[PDB]
């Protein structure tokens, strides 16, 4: 007869954002998530799809109520003028506002993913490294791009530029700073130097021409936005998938928590490292564990067993694909064999 776990309470919290209330809504919340959607269609199916999306927002709204995150709906017809002023263009899409930044969310429309994302948005844009714990944590990041700069202190003109740049990419690309010469030494940073670490790469590339303006940093990050090996992540999956390489993606499935999946991931990292300067190569790593609801679809569509590592090439137009044969009674292919296979497949078609 104990206390129940928290449950969705069925109380409506998602705001109908309109001409009359939108200014007040913005004032009330530090972070605001707005779904820009189309007016109700006549067909039951469309209505049910919208009903689901709105309830997903309700769940997130309940979870994040105490943290001052607000959720709202902007109707492209009824609220056309609000959309105009706020720059809402993308049909049935989520926009996130924090102070003077808009984020055009391009990730999974699930309560889990949205809540984690908005919790990340709430955080300060630069992570400072002081302790050994924090430095170690920084060093252990590999599945995303990361930047680290060394500056005199928070009042350095060059640190402020770095923070402005950080805000432009927040919370997708973590920006770290240190003001401690001992930390800078371990990181091999000179004062005002910023090191850019491509995902899954051991060695950073230093942003040239320090000290760097906000624009120099932003330009550099944009030019280096696509890592040679990048992970499909729920928070960013649509942006990653839509960034195809001339109509195809090389896709690798590997369950990191599995011995074979782990070994395969290490091989993919070697392939990446050996081809890092090749701008025509990007491989998407998908860990099936991250996307339980898509595994049946992938297994059916690609005709593969996702309990084993896989690598293939996928046509983004129609999901046509080809997958490398690997005998699970022998060792996984070496990096050289993977590259050879990719060459064979990509030269022919």
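Positions refer to the first chain, counted from 1. The term rigid core refers to the most C-alpha atoms you can superpose between the two forms while keeping them within 1.5 Å.
- Relative to the shown model and aligned on the rigid core, the C-alphas in 4 other deposited structures of this protein deviate most, among 95-103 and 146-154, for 95-103.
- Judged by mean Cα B factor in the deposited record, 133-141 ranks above the other of 214-222 and 133-141.
- When the mean C-alpha temperature factors of 118-126 and 191-199 are read from the deposited coordinates, 118-126 comes out higher.
- Looking at 112, 256, 277, 235, the one whose CA carries the top B-factor in the deposited record is 277.
- Across the residues 157, 266, 108, 79, the deposited record lists the maximum Cα B factor for 79.
- Sort the modelled residues of the chain by CA B factor and residue 312 lands in the lowest third.
- Per the PDB record, residue ranking by Cα B-factor puts residue 46 in the highest third of the chain.
- In this PDB entry, the Cα temperature factor of residue 242 sits in the top third of its chain's modelled residues, the highest group.
- Sorting the modelled residues of the chain by their CA temperature factor places residue 291 in the lowest third.
- Among all modelled residues in its chain, residue 72 ranks in the lowest third by Cα B-factor.
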